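Okay, structure first, notes after.
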Amino acid sequence: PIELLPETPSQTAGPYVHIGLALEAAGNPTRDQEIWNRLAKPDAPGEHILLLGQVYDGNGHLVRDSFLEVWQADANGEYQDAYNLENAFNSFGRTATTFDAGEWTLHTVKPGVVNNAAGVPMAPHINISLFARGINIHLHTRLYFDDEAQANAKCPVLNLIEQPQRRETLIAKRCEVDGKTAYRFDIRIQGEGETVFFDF
Amino acid sequence: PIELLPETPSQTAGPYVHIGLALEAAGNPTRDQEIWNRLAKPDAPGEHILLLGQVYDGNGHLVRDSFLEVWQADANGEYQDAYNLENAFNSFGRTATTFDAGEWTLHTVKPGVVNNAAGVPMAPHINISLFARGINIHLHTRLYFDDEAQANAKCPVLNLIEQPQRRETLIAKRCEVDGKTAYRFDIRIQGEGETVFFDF
Amino acid sequence: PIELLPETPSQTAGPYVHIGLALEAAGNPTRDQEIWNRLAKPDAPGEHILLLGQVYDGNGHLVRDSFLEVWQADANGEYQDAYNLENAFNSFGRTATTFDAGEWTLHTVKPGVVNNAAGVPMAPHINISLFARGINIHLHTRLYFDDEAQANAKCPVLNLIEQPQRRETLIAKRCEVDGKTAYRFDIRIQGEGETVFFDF
Amino acid sequence: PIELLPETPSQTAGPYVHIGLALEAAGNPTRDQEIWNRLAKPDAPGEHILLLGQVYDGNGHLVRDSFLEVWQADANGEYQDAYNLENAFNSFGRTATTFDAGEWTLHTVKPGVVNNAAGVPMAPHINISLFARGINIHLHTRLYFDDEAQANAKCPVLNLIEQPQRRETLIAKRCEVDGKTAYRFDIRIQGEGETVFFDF
Amino acid sequence: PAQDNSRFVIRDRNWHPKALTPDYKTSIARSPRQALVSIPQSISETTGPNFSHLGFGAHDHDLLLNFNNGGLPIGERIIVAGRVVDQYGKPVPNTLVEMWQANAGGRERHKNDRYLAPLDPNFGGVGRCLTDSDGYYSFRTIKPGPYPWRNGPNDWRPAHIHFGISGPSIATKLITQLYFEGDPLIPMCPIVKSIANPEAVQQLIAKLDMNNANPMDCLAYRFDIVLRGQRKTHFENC
Amino acid sequence: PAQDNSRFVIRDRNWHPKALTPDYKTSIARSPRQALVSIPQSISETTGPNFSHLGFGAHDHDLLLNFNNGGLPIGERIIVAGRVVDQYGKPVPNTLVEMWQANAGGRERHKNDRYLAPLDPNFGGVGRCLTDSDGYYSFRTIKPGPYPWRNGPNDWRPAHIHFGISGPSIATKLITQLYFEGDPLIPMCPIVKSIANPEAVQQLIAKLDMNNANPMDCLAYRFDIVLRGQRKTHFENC
Amino acid sequence: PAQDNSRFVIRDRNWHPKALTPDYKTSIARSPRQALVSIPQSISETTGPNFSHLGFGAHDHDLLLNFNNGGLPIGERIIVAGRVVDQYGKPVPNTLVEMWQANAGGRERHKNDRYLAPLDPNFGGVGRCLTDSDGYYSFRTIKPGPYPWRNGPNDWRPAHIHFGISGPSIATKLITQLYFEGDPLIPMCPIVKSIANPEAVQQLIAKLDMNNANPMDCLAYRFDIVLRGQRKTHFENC
Ligand SMILES: [Fe+3]
Ligand SMILES: [Fe+3]
Ligand SMILES: [Fe+3]
Ligand SMILES: [Fe+3]
């Protein structure tokens, strides 16, 4: 068969991943420009929402040293790929859970609908990669919303999951933190209620 | 040491086992003679019963693509090997759980008592083989009855299982379905309440 | 793939083949029973015919040390396999060309029609196997008759030979030898007018 | 010595080369644009000629399944490589002999003179490549014209053929097929009058 | 009735594929976590059905004609033949062999198969037969095609035919897969790799058998199956 | 018009198959008995057609759709793609690549093919494509099946696809046969064995290319072609 | 009468010697230039004579006594025995085995042999035998000596015995030559070199068999013969 060059293998991000990728959160001085957790400036279009969550390991204990990267469409269903601190909206950002702060937070907008390769609309979703010590190769997941019950029933990706109980682990619960619309999404790495993770 | 020819290795029956082995259940036309789930015609000796059960994987979810083979003595404790659709009773049968019916069923007679090779009586039992996608080599188990507590306590096969609570997973619950005596036997492949499986 | 045991390889019959297979021809004393050139006895049913021919090499020279074995059906189209010198007809026979006799002769009856495996009738034919010094593995050929032009034109064997002019090399010419009905079948091993030879 | 990547080996075009290469001639539907046997449209400048011929194998029998490719200069002695069905003249075409049509035909213009790499004029010729079942690597030949005798006498290519009698095998014979000037050219792949074939 | 007069060689569970082989993803939730309980062979495990009098249709072993809708299936015509013996080399006569497979495009005839390769109107995919006196069976069929399945994001099963063999007892019954000689998908499939020993993998590869081919018609493959060795009891109970 | 500004590396006639290869029966009466006459390269042999302006239909390289009278063909869906380079490793852009093959059962769509495997009503078997600027071409088709032929009494061709490639000149033009990785019929075919060196055979073998497969859809094979190396003339006529 | 119920495995024409093997000189003008035409097997090719009822004389297989003019032949007294089986290993019973050879000095009893080694007045050089129920045959004879011939200027045939075997049909019939283990003339004989593969040559070499020797009397050689395998028809014409 045709063999290509093999991919550089993955290794864990290590406990001190915050030092190279979350300098603020590592409590170290920042540089002029940092890729962080505020995707939408105050005047960006769409519905401004706050996202928060905790990450749990297989014994039920909080993982306090994780790092998360996100990739989402803006409010019109468009991937804004040209990263810039001056854009009203960047489709990419990063957050982290630390000892001080067991919870990660992300400020953004509710994304519009994008079609999959076959032309079928997928439900609004945020793509997440999770990294941490003990995690050898990062975990992919998707944050879906509970107020989009209809678009979620038809999502061709959420329908690829066989067991209806497993689809629910992907659905963030609407709540409110300081008057601001907020969704909570907890990730359970192993065990009971284990979050579904993808491969692509 | 003396090595003999190695046995052909087993492989999973795969998802569509119904096609080669449960034709009706795969919604395909049948041939004249099919090996199915009615082991006793109405005029056969013994007590007619209905057996039914479901299969669970290790997350608590039903297995709708299983295939089960059974093998049992007749009401006199005799194994009838000459299989034939004209006998009032055949010791072998097959059944299945499908997407339509999550529960398999079997119509037969309560088996009489056979002795083990050392001459000790075994309690009435049915020998079961389970096959499905995800099962690389079939699983052997035995179904005993809750109304035979006396003989189940002296069974030399049930007494090989060290822990008493584990023996309970082999005892089918007597109930009634349409005024017909029935026993329900559920199989849990993995996890809490995992069914005992044998090797012989 | 599957490899069976290999066939013993063929070697040429050699210049002195007559000593083990054509005793009289080698001019040596014969045993009581010899396999020779009189397939039909004077009272055998069918049409009695004399066959004869000469064998040429690729320079146009006579082969005077060739040996031929024949196999043909009787007048009713049946292969008589139990060989016996008392039978009226034997389907097998042998003959030879020698220094003395440059020509072979065979006394038999014109074969009836037999079917191929597909139930299609073949034209009347005599199966011939040719052996000699210089031939490493014997040559198979078929003798057909020029006076059976309707059956020859439909024989499913003669129609496997692609070119029409090559089919004629297999068609023996009716003539008369001592006032008796005869078919002359000359074989050309190589060269202009080369006789078709088969593999089966 | 210096070794380059080796050329992909050749294989025979096989019996059904007409399905991929002469669609009409294979009696199958054609596509909108087909590369065929009409190199010159009616208004192309030059002497319009019809070429025809047959192909014989080593036994003297017609080769009914060949495919042929021609390459020729226009009337000015210029090779036109921009193939297009809209040009009045293309330098390339294909034609075939088939079961129904044992003969090939080409409609074109008599080519003009082209020089060799040393600046010596070659006589008017058409370059031919022959393919067919039985031919493991195609055969190259040239068609020259019998009304170009004085030019033929001096061609540096035809003067590389050592024996005059072989040169003749390349000379197509002038004739008339329904009021049109035509040249017949028969190829003899093997034997008596074997057509000279080239390597370059 | 059936009599307890045989013992069967104990199975090697390191030669057969283990229960939990995580790259075949469906095995994660369907494999037991507790150890199997070993029991001695009694008449319940050393007897089994004999299908001698099951009434077989005339074309049950021939897949080119058993699903005839007025045509012949499209695909490579092959005979799949072989011999069923036990580990001592002894033939297993009158045993039931059952087989099922995809069509030449990899599409299977079942409601749940939605792969895009089309169904073939003249091909059903199921067959069955009883081994003769000497332990031989044969089927005629079309070479099935490979097909993708949702395991990894780009997994493809190699062409294979599923087999089910009864043997003389329930202790011998076996389901397996036949694979085809030389097929490059074989070493990449997580199902075939549920077997750890490369020598056991070879036992599932049917070999091209030019000797059983019908010239101008169909090719043939050879697949021999070995069931657990059977022996008489000796010195038991004393 | 075309100009004589190129020379082509001389063909290695012991790498390609000879003209007389007696096991391939038909070569016997169709092979020249005289030696080929060598001639120096002129503009007549170092130039050739350029097909850039041939108007390809939209489906010309797609055999799953270019015949289509109702549906899809039955067979393993596969992309056959590669690169066309000359012996210096230089891409050959804008060259014409024609192919034709049997159906999944080895039946060819020609009048003279009388083999018993059926025609596929959705399958024709011909495709053409022009390589791009980088020398890549690709087709989508179904994997053909082997078929029997009247050579020896039980000869079967391996599954193959015929290829015709133009190249920049009539000197580079080449017809060949692509074979598939692992097919155990390859070492037994007399047509493949017309090639004497086993390393030349290897070059006709297409490799399974999982990287180009479309998951849940079609597998891919990779076949690269190498044409005569081309060089600029140097120091000619002085 | 004979009935068409068997098929024979096609001959491997690359294992047997080819027709044109120019070092063996007489084969140059006695070999066909056109290809053999392949034909399917019918009742004409799959049946053949049976020689059970032929009337064998009592010393037909015993060359030490079958010619006899008043004594014993001069030469190494040997038994040549072996078995005739088919390519499946199945014995071939009641078949006809013929043989003929030179004497101890290499002279053959035929008018045309003008070799100066004398004739032996007690030796004929011919034998026949029918195989037994298990396929065994056996002859007793003296070991032949090598002889020169008119091929190359100093060619010498290794010691050999010509054998002819009928088998169950004309399709199986074969004429061959036995050679003796260790003979240094075997690798230089052009007739033996007509067999291109060295492994096929080994099959004609009879091996010394001390186990079958009669002590104080004669040595023995073993020579097993393998005829084309035979199989029952299956799936033909449907
Ligand atoms: Fe570190
Ligand atoms: Fe499968
Ligand atoms: Fe000799
Ligand atoms: Fe072909």
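For segment G:195-215, the set of residues classified as within 16 Å of the chain's Cα centre (by Cα) and buried (at least 16 other Cβ atoms within 10 Å of the Cβ) consists of G:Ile195, G:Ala200, G:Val201, G:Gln203, G:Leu204, G:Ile205, G:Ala206, listed by residue number.
Scan segment F:76-111 for residues that are within 16 Å of ligand 4 (Cβ to nearest atom), more than 8 Å from chain D (Cβ to nearest Cβ) and of a type in the set (A, V, I, L, M) and jot them down. Of everything in segment F:76-111, those that are within 16 Å of ligand 4 (Cβ to nearest atom), more than 8 Å from chain D (Cβ to nearest Cβ) and of a type in the set (A, V, I, L, M) turn out to be F:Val80, F:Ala102, F:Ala104. Pairs meeting the criteria (first residue in segment F:112-124 and more than 7 Å from every other protein chain (Cβ to nearest Cβ), second residue not in a loop (DSSP other than H, G, I, E, B), beta carbons under 8 Å, at least 6 apart or on different chains) are F:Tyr115/F:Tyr147; F:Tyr115/F:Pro148; F:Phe123/F:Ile142.
Can you name the residue in segment A:1-22 that is over 30 Å from A:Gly193 (Cα atoms) and loosely packed, with under 10 Cβ neighbours inside 10 Å and, of all such residues, is farthest from ligand 3 (Cβ to nearest atom)? Within segment A:1-22, the match that is farthest from ligand 3 (Cβ to nearest atom) is A:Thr8. None of C:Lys110, C:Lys173 is out of contact with any helix residue (DSSP H, G or I) (no Cβ under 8 Å at 6 or more places or on another chain), surrounded by fewer than 17 Cβ atoms within 10 Å (Cβ to Cβ) and more than 8 Å from every other protein chain (Cβ to nearest Cβ) except C:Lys173.
The listed residues are G:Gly106, G:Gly125, and the only one of them that is more than 16 Å from ligand 1 (Cβ to nearest atom), at positive phi and buried (at least 23 other Cβ atoms within 10 Å of the Cβ) turns out to be G:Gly125.
The condition of being surrounded by fewer than 19 Cβ atoms within 10 Å (Cβ to Cβ) and under 15 Å from B:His140 (Cβ atoms) holds for only one of E:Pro22, E:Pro40, that being E:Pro40. Whenever a residue of segment D:181-200 is without any contact (Cβ under 8 Å) to a residue 24 or more places away in the chain, it has no partner that is assigned to a strand (DSSP E or B) lying with C-beta atoms less than 9 angstrom away and at least six residues away or across chains. The strands (runs of 3 or more DSSP E) found wholly in segment D:35-116 and carrying at least 2 residues that are farther than 25 Å from F:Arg128 by Cβ occupy D:48-53. On inspection, E:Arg114 passes the criterion of being surrounded by fewer than 20 Cβ atoms within 10 Å (Cβ to Cβ), out of contact with any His (no Cβ under 8 Å at 6 or more places or on another chain) and more than 27 Å from F:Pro146 (Cα to Cα).
Residues in segment G:17-35: is at least one farther than 22 Å from C:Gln190 by Cα and more than 21 Å from the chain's Cα centre (by Cα)? So far as segment G:17-35 goes, no, none of its residues is farther than 22 Å from C:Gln190 by Cα and more than 21 Å from the chain's Cα centre (by Cα). Scanning segment E:203-219 turns up one or more residues that are away from chain F (no Cβ under 13 Å), more than 16 Å from ligand 4 (Cβ to nearest atom) and closer than 25 Å to B:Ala132 by Cα.
Residues in segment A:26-50 that are touching a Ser or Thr at 6+ places or on another chain (Cβ under 6 Å) and more than 22 Å from A:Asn127 (Cα to Cα): none. Annotation for segment F:47-67: no member residue is over 22 Å from the mean Cα position of the chain (by Cα) and touching a residue at least 24 places away in the same chain (Cβ under 8 Å).
How many of the residues making up segment C:62-92 are among the small types (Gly, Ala, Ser), closer than 30 Å to C:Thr12 by Cβ and touching a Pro at 6+ places or on another chain (Cβ under 9 Å)?
Step one: filter segment C:62-92 for residues among the small types (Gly, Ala, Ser), giving C:66, C:73, C:75, C:77, C:82, C:88, C:91.
Of the ones still in play, those that are also closer than 30 Å to C:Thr12 by Cβ are C:66, C:73, C:91.
Now narrow it down to the ones that are touching a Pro at 6+ places or on another chain (Cβ under 9 Å): C:73, C:91.
Total satisfying the criteria: 2.
Considering segment E:140-163, the residues that are away from ligand 2 (no atom under 16 Å from the Cβ) and not basic (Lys, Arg) include one that is farthest from E:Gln177 (Cα to Cα), namely E:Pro153.
Looking at segment C:81-107, I want the residues that are facing another protein chain (nearest Cβ under 7 Å) and have a partner that is of a type in the set (A, V, I, L, M) with Cβ atoms under 6 Å, at least 6 apart or on another chain. Which pairs are those? Once the first residue is facing another protein chain (nearest Cβ under 7 Å) and sits in segment C:81-107, its partners that are of a type in the set (A, V, I, L, M) give C:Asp81/G:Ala2. Annotation note: of E:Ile161, E:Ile191, the sole residue that is buried (at least 22 other Cβ atoms within 10 Å of the Cβ) and facing another protein chain (nearest Cβ under 9 Å) is E:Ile191. Checked against (1) buried (at least 20 other Cβ atoms within 10 Å of the Cβ); (2) at the interface with chain C (Cβ under 7 Å from one of its Cβ atoms), G:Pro73 passes all but a single condition, namely (2).
All conditions in (1) within 21 Å of F:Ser44 (Cβ to Cβ); (2) more than 9 Å from every other protein chain (Cβ to nearest Cβ); (3) crowded, with 22+ Cβ neighbours inside 10 Å hold for F:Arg231, with the sole exception of (3). Only residues that are under 27 Å from D:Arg64 (Cβ atoms), among the aliphatic types (A, V, I, L, M) and within 7 Å of another protein chain (Cβ to nearest Cβ) were counted across segment F:5-36, and they come to 4.
Scanning segment E:106-151 for residues that are farther than 30 Å from E:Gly55 by Cα and basic (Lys, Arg) gives E:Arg114, E:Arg150. Filtered by the rule that a residue be buried (at least 23 other Cβ atoms within 10 Å of the Cβ) and in contact with a helix residue (DSSP H, G or I) (Cβ under 7 Å, 6 or more places away or on another chain), segment B:72-98 gives B:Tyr79, B:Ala96. The set of residues in segment B:125-155 being under 15 Å from E:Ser42 (Cβ atoms), within 11 Å of chain E (Cβ to nearest Cβ) and not β-branched (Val, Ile, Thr) consists of B:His125, B:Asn127, B:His140, B:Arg142, B:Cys155.
Working carefully through the options D:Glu103, D:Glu86, find the one that is more than 24 Å from F:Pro32 (Cβ to Cβ) and more than 16 Å from ligand 3 (Cβ to nearest atom). Write out each step before concluding.
On the way: D:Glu103 fails: more than 24 Å from F:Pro32 (Cβ to Cβ).
Result: D:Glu86 is the single residue among D:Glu103, D:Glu86 that is more than 24 Å from F:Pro32 (Cβ to Cβ) and more than 16 Å from ligand 3 (Cβ to nearest atom).
Among the numbered conditions (1) more than 8 Å from chain E (Cβ to nearest Cβ); (2) more than 18 Å from the chain's Cα centre (by Cα), the only one that B:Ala117 does not meet is (1).
Looking at F:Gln41, is it in contact with a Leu (Cβ under 6 Å, 6 or more places away or on another chain) and either more than 7 Å from every other protein chain (Cβ to nearest Cβ) or not hydroxyl-bearing (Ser, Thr, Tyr) (or both)? Spelling it out, it is not the case that F:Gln41 is in contact with a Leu (Cβ under 6 Å, 6 or more places away or on another chain) and either more than 7 Å from every other protein chain (Cβ to nearest Cβ) or not hydroxyl-bearing (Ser, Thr, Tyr) (or both).
Which residues, counting only those in segment A:1-23, are more than 10 Å from ligand 1 (Cβ to nearest atom), away from chain F (no Cβ under 14 Å) and in a loop (DSSP other than H, G, I, E, B)? Can you show your working first?
Narrowing segment A:1-23 to residues more than 10 Å from ligand 1 (Cβ to nearest atom): A:1-10, A:18, A:21-23.
Going one step further and asking which of them are away from chain F (no Cβ under 14 Å), we end up with A:8-10, A:18, A:21-23.
Selection gives A:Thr8, A:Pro9, A:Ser10, A:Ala22, A:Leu23.
Does any residue of segment C:24-31 turn out to be under 28 Å from G:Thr46 (Cβ atoms) and either out of contact with any helix residue (DSSP H, G or I) (no Cβ under 6 Å at 6 or more places or on another chain) or part of a strand (DSSP E or B) (or both)? Within segment C:24-31, none of the residues are under 28 Å from G:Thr46 (Cβ atoms) and either out of contact with any helix residue (DSSP H, G or I) (no Cβ under 6 Å at 6 or more places or on another chain) or part of a strand (DSSP E or B) (or both). When the residues of segment A:23-45 are filtered to those that are more than 16 Å from A:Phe99 (Cβ to Cβ) and buried (at least 16 other Cβ atoms within 10 Å of the Cβ), the one that is farthest from the chain's Cα centre (by Cα) is A:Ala44.
Each reported figure results from applying straightforward, stated rules to the coordinates on display, with no laboratory input. Cβ atoms come from the backbone with ideal geometry, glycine included; neighbour counts cover every protein chain shown.
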